[PDB]
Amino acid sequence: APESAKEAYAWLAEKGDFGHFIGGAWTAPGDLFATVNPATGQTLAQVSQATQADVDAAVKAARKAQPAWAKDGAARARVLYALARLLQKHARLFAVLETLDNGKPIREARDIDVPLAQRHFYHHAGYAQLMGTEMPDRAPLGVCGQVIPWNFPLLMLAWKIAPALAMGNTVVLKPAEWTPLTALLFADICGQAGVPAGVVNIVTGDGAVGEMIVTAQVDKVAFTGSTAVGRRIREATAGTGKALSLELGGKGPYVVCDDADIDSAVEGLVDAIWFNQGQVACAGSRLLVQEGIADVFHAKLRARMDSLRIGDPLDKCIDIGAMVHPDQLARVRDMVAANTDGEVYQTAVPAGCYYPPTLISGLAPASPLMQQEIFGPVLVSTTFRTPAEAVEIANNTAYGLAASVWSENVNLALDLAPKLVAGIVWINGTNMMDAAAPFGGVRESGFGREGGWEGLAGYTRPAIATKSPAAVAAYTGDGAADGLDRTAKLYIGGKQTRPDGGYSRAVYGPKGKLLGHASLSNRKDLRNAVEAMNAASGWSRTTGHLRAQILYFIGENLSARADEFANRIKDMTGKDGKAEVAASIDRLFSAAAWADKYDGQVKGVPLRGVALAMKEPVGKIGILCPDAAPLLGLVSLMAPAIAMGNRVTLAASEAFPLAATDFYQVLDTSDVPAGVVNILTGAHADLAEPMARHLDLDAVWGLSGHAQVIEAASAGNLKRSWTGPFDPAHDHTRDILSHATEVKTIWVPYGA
């Protein structure tokens, strides 16, 4: 007999038609639309489509409540703990309501969704308690606008609300149009938990309401959902100064080596067929099986698939529930109808809201379906010959979120895991989640991390605000001919090169004296620099010891020319340059120091083993330097970036380019490998959009303005972006290390 929904129905009846939860109170129901149980077609409740005025009021209430909420972290901790206690007390109600609203099996809702939501609040309460003492250099961002998908309604809510509240922010959150009910129940327990009025605001509606929230006067936007919508959100927030995190697409590859525990790998896959829907950090949808075991693996997988029970989601014996909505059923049907490759195996005939577990096997490594978007309870599979080929297939995508690797050999499993492009890799498991273990994407899977200490940075700002120096116009001057050869070039791929466009501008000092000429770089020069960075990919695999040695050489070699660099700075700016040179040397030595000291973090989890939140390079970074600090600005951004294993191309100070061109000889003398540091000079209006747009750059740092253009263009490949503030006079090294790294969490067996 299925679980009783009587208490869920009673709550829905008490709530009647829903308005919104704004300023601690329930508003009048407005423009109502039915929310439907997908398993039965029956209307569960009427829910409102929020108006622009509703969003405005929600944001105004969050803004009003934020200063007093921010003031006492211990008080926030008690509230987060109370919320966790209420989720636990009402766990059966939350679980039944989630099944009624979304269609998922009640067994998943009770055993996974609700317990993980509870633990997220329990765990994050402690971050509120410790923020003042352990993060004293950090402060809240303010108001967060948050948008979540329909696949895990309550758990997605927890992943958004818990860290935001812990760090002293208030929230305006919209649940997915199809699944509002558990978010409304969460709203309904906020008063009992002591959530002060306006600290949590929940508004309901379609994507138009999501766009209203994203474009509202919020300090942070956090979104989980499709990559296509993430691009639109990046564009709609470009130039606003908003903090932005995106958890996007990329259902993960599942690599099964010849020496895997076959039966366990099969069981983890079958247990994930229902889970791996919508946008969530998961693995198993793309199956990569080594040739030697492929036939036995598929035979076992089909047999285990046949045992999955499809039906009434309120029955705790059911494994496969109802599809969330008829539009999602149509998506899966259409995907199947459009595919012509492979062999299709389904355990049942599709009937009503129930789509059967489906395996599409026999695909080639380059088939469209291995890389195309997947809908429904569907797995696609291919084979591989060698572990190196598995890595190649797994990484042959625009995505990089979660992945799973199966092997019984301790050496092979730990060799494969770090080579996968991903923010999460599970060894001998899949879909393992904990509040202490960060998760998030690289590439087109987005950016930012949710969970752990690592997730808190994205909900905070520096406690002491820095300000980027104002732009400086280049000096003008006479323009007489130069009979000497004083025309500086570009530095690309370990050698000087002429600008592709052939042009240079005269550089004058503060009194109008001609100092020399500097090249005007173009998009072709940038293309050449990116090619050089691609050739230097081995730098991203060097040891920290080696990178430290190089940075020490750079510092020593600049020190040997310190007087000369101070003189060049004074020639260009009219101000003594000794202090800027000393600071630049210091930045190099601090970056050298950090190159082998920026440690990953080991997470104890209440699951099997440990989660290793590793630090890895971002990859290739294009950087635009400020006008001020002609040497220190360049060195301050270059040095931490290469210390962390990235390759960089920097557009030097537009106004004062000749300190950076003098720096070419320092790079050469220091044996900086070709392509690790490339330097362009010239007009940042020519370079900002090409650098932010470039599909082969992993991050763009624009510290000379053009923030809107840079952030909008970054949506092409969803590269990370940083547009300041950046004050070169201040030591930003540690903060820059975070801009210069990604967190990759590897889950490993561990006997403690």
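All residue numbers are counted from 1 along the displayed sequence.
Engineer: Quick one: say whether 269-277 or 595-603 has the higher mean Cα B-factor in the deposited entry.
Structural biologist: The stretch with the larger average C-alpha B-factor is 269-277.
Engineer: Output the stretch having the higher mean C-alpha B factor in the entry; the candidates are 133-141 and 182-190.
Structural biologist: Between 182-190 and 133-141, it is 133-141 that shows the higher mean C-alpha B-factor.
Engineer: Among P690, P725, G702, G41, which residue carries the highest C-alpha B-factor recorded in the PDB entry?
Structural biologist: That would be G41.
Engineer: Say you rank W406, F589, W453, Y354 by Cα B-factor from the PDB entry; which sits at the top?
Structural biologist: Highest C-alpha B-factor among the listed options: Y354.
Engineer: Among the modelled residues of this chain, does the Cα B factor of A68 put it in the lowest, middle or highest third?
Structural biologist: Highest third.
Engineer: Rank-wise, by C-alpha B-factor, drop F297 into the lowest, middle or highest third of its chain.
Structural biologist: Highest third.
Engineer: Could you tell me which third, lowest, middle or highest, the C-alpha B-factor of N557 occupies within its chain?
Structural biologist: It falls in the middle third of the chain.
Engineer: Compare the C-alpha B factor of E711 with those of the other modelled residues in its chain, then answer lowest, middle or highest third.
Structural biologist: Tercile = lowest for this residue's CA B-factor.
Engineer: Where does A683 sit by CA temperature factor within its chain: lowest, middle or highest third?
Structural biologist: Tercile = middle for this residue's CA B-factor.
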